[PDB]
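One structure is given below, encoded as C-alpha cells.
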Amino acid sequence: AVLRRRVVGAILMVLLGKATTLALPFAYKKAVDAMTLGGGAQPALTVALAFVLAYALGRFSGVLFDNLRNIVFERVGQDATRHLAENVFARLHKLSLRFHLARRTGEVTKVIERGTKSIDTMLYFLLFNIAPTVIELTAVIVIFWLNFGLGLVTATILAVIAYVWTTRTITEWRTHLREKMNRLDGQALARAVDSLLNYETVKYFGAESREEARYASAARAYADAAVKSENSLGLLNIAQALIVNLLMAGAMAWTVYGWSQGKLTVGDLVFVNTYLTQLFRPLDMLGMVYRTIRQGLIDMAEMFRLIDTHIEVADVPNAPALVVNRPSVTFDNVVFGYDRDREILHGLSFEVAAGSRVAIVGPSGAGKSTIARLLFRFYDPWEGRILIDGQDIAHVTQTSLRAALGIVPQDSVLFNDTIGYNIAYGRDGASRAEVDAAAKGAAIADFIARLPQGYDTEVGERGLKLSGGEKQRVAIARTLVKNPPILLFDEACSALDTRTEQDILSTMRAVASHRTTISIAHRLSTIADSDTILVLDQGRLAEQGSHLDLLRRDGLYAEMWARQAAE
Amino acid sequence: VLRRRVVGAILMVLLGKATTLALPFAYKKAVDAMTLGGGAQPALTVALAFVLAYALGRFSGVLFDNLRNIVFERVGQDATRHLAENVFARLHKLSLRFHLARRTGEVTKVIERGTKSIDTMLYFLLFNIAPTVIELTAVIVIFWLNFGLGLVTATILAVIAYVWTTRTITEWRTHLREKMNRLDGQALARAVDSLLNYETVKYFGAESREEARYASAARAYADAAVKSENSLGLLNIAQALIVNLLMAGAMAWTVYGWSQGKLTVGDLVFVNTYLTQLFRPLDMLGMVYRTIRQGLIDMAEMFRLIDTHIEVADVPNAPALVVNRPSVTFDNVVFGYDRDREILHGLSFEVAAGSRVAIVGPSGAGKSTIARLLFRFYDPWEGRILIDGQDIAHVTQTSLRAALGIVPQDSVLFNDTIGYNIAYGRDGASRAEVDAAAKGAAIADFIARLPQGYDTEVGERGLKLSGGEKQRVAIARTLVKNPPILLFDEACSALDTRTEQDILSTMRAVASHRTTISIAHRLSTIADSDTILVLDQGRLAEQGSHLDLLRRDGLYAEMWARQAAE
Ligand SMILES: Nc1ncnc2c1ncn2[C@@H]1O[C@H](COP(=O)(O)OP(=O)(O)OP(=O)(O)O)[C@@H](O)[C@H]1O
Ligand SMILES: Nc1ncnc2c1ncn2[C@@H]1O[C@H](COP(=O)(O)OP(=O)(O)OP(=O)(O)O)[C@@H](O)[C@H]1O
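As they're listed, the protein sequences go chains A and B.
UniProt numbering puts the last residue of the first sequence at 599; the count rises by one with no breaks.
UniProt numbering puts the last residue of the second sequence at 599; the count rises by one with no breaks.
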C-alpha cells in the first residue's frame, strides 16, 4: 500500500489511547502508597499537582487521541468509501436489462445507501472496537489472575458468557424486527419515488390526496416497525446494563468483604473500583459491536446478493471480436419470450443483406422492438440464433457487437445537460465538425441556430424541455455521430412532421451508401421506398418483399396501406 | 393524545436528575460516617450504602436513559411521519417548471438530510434545553448560597470563552459543511442521471466515461468531507481543552481551599462530584449546538427550495368551473417558456362544444404547448383562455383539472399492474368501468390473452409493455376519468392504423356530448375531424374541414400532399 504509514499511525494512536486508562490507576496507587498524611509539608503540593495532572491531562489526551485518530483516518476512510461507491456504480451498470426494466427505484436506493453507510461504519468499528476492548479485558483478567482473586476471574468469565448469550438471543430478536423495518422503509421510499416520477400523471388525474394517503400508510407502518425495533434495542441495553452493574456490585461487595474499613492490599480497593468505572464501557460496547456487526453483515449480504445476480448476457470465455466487412443481419428460427409463460416471438427467420434498406412493419405489439432488443443482445433467444456478417451474436464479445451497430430507440432518454453534450455523446471526444454534420443531417442546425445560447440550452430531465420532434432529432444526431455500419431506427419519426422526415431521409440517401439500415414504423408513407419490407404479426414473418410486390399480393401490408390511404 | 407520554418522559428525566443529585448526597453521608465513629451496625450500614448507592445509581441511570428512549420513540416516529407527509405534500404542490428542470439526486439528498436531521434536532432539544437550565441554575444557586463568589465568576467566564470559541469555529465550519453537502448532492445527481440513461449508455457503450465522471464527483465529495471532519475535530479538541481546563481549575480551587483537609466537609466533595457529573453535559452541549446549527441551516435550505413561490396559484376564493357547453377559446394568447424565447405569440381560435378538432402544423409550432397552457401548467404572458365563456385563471385548479382529460405525448405509468393504472382514472374506479375502458381502448382481448393479465407487472414507467399497449393504457385511464373535454397529444403515434381506426370507431359510436381535441402529424388520423387548425409560428393560419382546407390550396393542402406522396 501507499498509505500503510497512515494506518500504522492510526494503530499507534489507538495504542496511545491505552495511556489514559494506564494513568488513571496511577493516581490512586500513588495516593494509597502513602498510608496517612503522605508528604505533609513539601509533597502535599506534589500530590495535588499529581491529581490535577492525572485527571485533566488523561481526559484531554483521551479526547485528543480520539479526534486525532479520526482526523488522520478520515482520508483513508473516505478513499475507501469512494472506491466502494465507484465499484458499486460499475457493477450496477453491468446488470441486465430485465432488472433495470422491472426495478423499483426507491427500494434499490435504500438498499444501496444502507449498504454503503453500514459497510463504512463496519470498517471503522472493526479496528476501533475489536482490538482495544480485547486488549483491555485481557489485561484486566491477567491483573485479577496474578492477584489472590481466583473466584473473580471465574465469575467474570461466566458472567461474560451469560452476557454474550443474552446479547446473541436479543440480537436475533432485534434482527427479526429489523427485517420488517427495512422492508417497510424500502416500500415507503419506493412508493414515494414512484409517486414523484408520475408527477404529470398525478396532476392530469388530480390524485394528490390519494398519493399522500398511500405514502402516509407506508410511513406509519414503517414508524410502527421502527418503534418496535428501538424498544427491542432498549431491552437489550437494559439487560446488558443489568449484567454489567451486577458484576460491578459483586466486585465491590467482594472488595468490601476483604476488609470493611481498610484495604486488602495497597491498590486493591481503589484499583478495582476505578477499573470498574473504566470497564462498564467495554462490556456495554461489546454487545453494541456484536449488534452492529450482525446487522452490517446481513445488509451487505443482501446488497451483494442483489447486485451479483448472474447477468443474463455474459461473454463466452475467449470470445472473438465482431468483424464487420459485409454487414448483414440474419434470424435463424429465433424463438424468444421475455417470460416463460408468454411466448413473444415464435419461429422467425429472415435475412437482411449488406447495404439494404429494410423495413419491419406490423400490428401493435407484434414484437418488432423485440427484434431490436434481441439484435443488441439484451436477451439471449430460447432457440435459433442471430447472425451479423455470418457470425453468431452470442458467441462474440458484447463490446464489439454493441459498438458495431447504432440503434435509435422508440422512447429516447437524454442527459440533463446541453443539447451539445447529448449530441456529442454519440462518440467520445467528438469534434465540432462531426456534431455540426449530425445536426444538419438530423434537421436541428436551423433549430439550434435560432435558439438563444442554442448549443448550451438545457434539455431538462430525460430531455423533456425539448419537443418530441426535437428530442427524436437529437437522438438521430447522437446515432449519426456514432457512425455505425448498421443504423437501426425504432419509431424515430413518430413525433416529427412529414417535412423534417423527408429532409432527413433525403440526407441519408444522399450520403449513407455503405450502411445497412433497418427501420420499423407504422406510418407507411416513410418506408414504401425501402428495398424489402417484413410484415411481422403475432411474432411471425407473414409477408416479405418490395413495397410494390406487397401491395400487389393483396395481403396484410396491402390492407394496411389501403387503410392508411383512406380519408 | 400522546402529551401524557412526553410528560412521563420529562418525569423520567427528572428521576435521572434525582439519581445524579443523590450520588453526592450518598457520598456526603459516607463522609459523615467517615468522621463519625461507627461500629458493627454503622460499618455494615455504610458498606451496604456504598454498594447500593453505586450499583443501583448507575443501573437506574442507564435504565432511565433507556426508558426515556422507549417512551420517546413513539412520539419521535410520529413526528417524523408527520414531517415526511407534509414534505411529500408540499413537494407535489410545486409547479411544472420545477419538476421539468429539476435534478433528482440533489433534491433527494436535501430532502433526506432535512428529514433525518429534524428528528435528532427535536431529540437533542428536549434532552438539552431543559436539563441544562435545571443543572446550571441548581449549581449556580448552590455555589452562591453555600460556596464563594469567585467560583461562579470563573465558571461564567469559562462558559463565555467556550461559547465564543464554538461561535468562531462554527462560523469557520459553515463554509465546509455547505461545500460538502453541495458536492455530495452533485455527485448523487450525476449518478442518478447516469442510471436513468442506462439504455443510452448501453447503446453507445460509454460505461467507462460515466464511471470516470462519477469517480471525479466522488473524489471531490471525499475531499470536502475530509476537510469538514478535520474542522469538526478541531472544534472538538478546542471544546475538550476548555472543558478540561475548567475542570482542572475547579479541582485546583478546591485543593487551594485546604490541601490536607476541607474548608467544609461537603465543599470539596460536592465540587469534585459535580465535576464528575458535569463532564458529560459539557461535552454533550457543544455537539448538540453544532448539530442544531447544521440541522437548522439544512432545514432552512430545504424549505427555501420547497417554498419557492409556486408559479400557478388560484385567485383568492375563486368559483368552480361550471361546464354546460364545453368549448375552448384562445384570445390573443402570447406565451413563452423562457423570457428570452417567445414560443407562442398572438394565437386565437375557437373549439365549440361536441366538435372533434385537430391541431396540425410543423414540428415545434407549439401544439403540446397549447396542451400545457390549457391545463394551467403555466400562466400565459398576454391574452386569455376560456372554457364555456369562463376564464381559466379565475377558477379553482381542482375543478379545471378534473374537467379535462389529457393523453400526453409521453405517457408515464406507475410501477404496478395494468389494472391499477387503468383504475387510476377516477378514485375507487369500479372494475366495470375498468373493463369498459379496456374495451374502449382495444385491450380487453389483449389483457384476456395475457397470463395473469390484469395483474401483469408493467415495470417502472410501463416499459415492460409495448408502445401501442402503453398508449392504449393511457387512453383507458383517460376514459375512466370521463371528462367533458378529451385532449389527445400524439396518442396513436405508436399504434397501427387498424387499432387507431377501431378505437376511433368505438369512441364516435359511444361519445356523443364529448368535446374532443386531437394533435397529430399523421394526417390519416385526423382527416375525418370536424375542423382542423393549422398552427404556424404560434398562430392560427387555417381552420376548417379537411375537404375545405384541401380545396383552399393552403398550408394544410401542402402537408397532406406531402404525406400522401410515396
Ligand atoms: N419545458 C420547456 N422548456 C423550454 N422549452 C420548451 C419546453 N417545452 C416546450 N418548449 C419549446 O416550445 C416549443 C413548442 O414545442 P412543442 O412542445 O409544442 O412541440 P410540438 O410542436 O408539440 O411537437 P413537434 O415539434 O413534434 O410537432 C418548442 O420549440 C420547444 O423547444
Ligand atoms: N419486460 C417485458 N416483460 C414481458 N413482456 C414484454 C417485456 N418487454 C416487451 N414485452 C412484450 O413484447 C411485446 C411488445 O413488443 P413490440 O416490439 O411488439 O412492441 P411495439 O411493436 O413497439 O408495439 P406497438 O407497435 O404497439 O408500438 C408486448 O407483447 C409485450 O408484452
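Think of the CB as a built atom: it goes at the ideal place given N, C-alpha and C, for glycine as much as any other residue.
Proximity to residue 353 (chain B) across B:555, B:393 and B:433 peaks at B:433, based on C-alpha coordinates. DSSP places residue 103 (chain B) in the uninterrupted alpha helix (DSSP H) bounded by 73-125. Under DSSP, residue 568 (chain A) takes part in a beta bridge, and its partners are A:573.
In terms of CA proximity to residue 499 (chain A), A:476 leads the group A:519, A:476, A:511 and A:579.
Look at residue 399 (chain B): its beta carbon is less than 8 Å from one of the heavy atoms in ligand 1. Annotation for residue 206 (chain B): the continuous alpha helix (DSSP H) segment containing it runs 183-229.
Here residue 321 (chain B) really is in contact with residue 161 (chain B); their C-beta atoms are around 5 Å apart, less than 8 Å. Counting C-beta atoms within 10 angstroms of its own C-beta, residue 497 (chain A) has 16 or more neighbours from the protein chains shown and is therefore classed as buried.
In the DSSP assignment, residue 549 (chain B) falls outside any alpha helix (DSSP H) and within the unbroken beta strand (DSSP E) covering 548-552. Nearest C-alpha to residue 91 (chain B) among A:281, A:159 and A:66: A:281. Distance from the CA of residue 334 (chain B) to the CA of residue 206 (chain B), rounded to the nearest whole angstrom, comes to 17 Å. Between residue 516 (chain B) and residue 438 (chain B), the beta carbon gap of about 4 Å places them in contact (Cβ cut-off 8 Å). The three-state secondary structure of residue 530 (chain A), taken from DSSP, is helix. Taking CB atoms only, residue 91 (chain B) has a neighbour in chain A less than 9 Å away.
If you check each beta-carbon in the region 232-248 of chain B against every beta-carbon of chain A, the ones closer than 9 Å belong to 232, 233, 234, 235, 236, 237, 238, 239, 240, 241, 242, 243, 244, 247 and 248. Assignment of residue 290 (chain B) by DSSP, reduced to helix, strand and coil, places it in the helix class. Taking the CA atoms as reference points, residue 252 (chain B) sits about 8 Å from residue 111 (chain A).
Bounds of the alpha helix (DSSP H) holding residue 478 (chain A) are 477-482.
Contiguous beta strand (DSSP E) elements confined to the region 403-435 of chain B occur at 415-420, taking only those with 3 or more residues. Taking C-beta atoms as the reference points, residue 344 (chain B) and residue 100 (chain B) fail to come closer than 9 Å.
Taking non-hydrogen atoms of ligand 2 into account, the C-beta of residue 413 (chain A) is found less than 8 Å away from none of them. Counting the other Cβ atoms within 10 Å of the Cβ of residue 224 (chain A) gives 16 or more, which makes it buried. Cβ atoms of residue 462 (chain B) and residue 460 (chain A) stay farther apart than 8 Å, at about 50 Å. Under DSSP, residue 438 (chain A) shares a beta bridge with A:519. Among the CB atoms of chain B, one or more fall inside 9 Å of the CB of residue 514 (chain A).
Here residue 292 (chain B) is exposed. Its C-beta has fewer than 16 other C-beta atoms within 10 Å. Across the set B:75, B:450, B:221 and B:416, the C-alpha of B:221 shows the shortest separation from the C-alpha of residue 254 (chain B).
Inter-residue distance for residue 125 (chain A) and residue 423 (chain A) is about 27 Å (C-alpha atoms, whole angstroms).
With a threshold of 8 Å, the Cβ atom of residue 529 (chain A) counts as near ligand 1, since some heavy atom of the ligand is closer than that.
Residue 95 (chain A) places its beta carbon less than 9 Å from that of residue 316 (chain B). Look at residue 492 (chain A): its beta carbon is less than 8 Å from one of the heavy atoms in ligand 1. Taking 9 Å as the CB threshold, residue 532 (chain B) lines the interface with chain A. In the three-state scheme derived from DSSP, where H, G and I count as helix and E and B as strand, residue 242 (chain B) is classed as helix. For residue 518 (chain B), the CB contacts under 6 Å within the same chain, skipping 5 residues up- and downstream, are 359, 437 and 548 in chain order.
Setting aside the 5 residues that flank it on each side, residue 527 (chain A) is surrounded in the same chain by 500, 501 and 504, each with a C-beta closer than 6 Å to its C-beta; the list follows chain order. When the alpha-carbon of residue 339 (chain B) is set against those of B:394, B:264 and B:121, the nearest one is in B:121.
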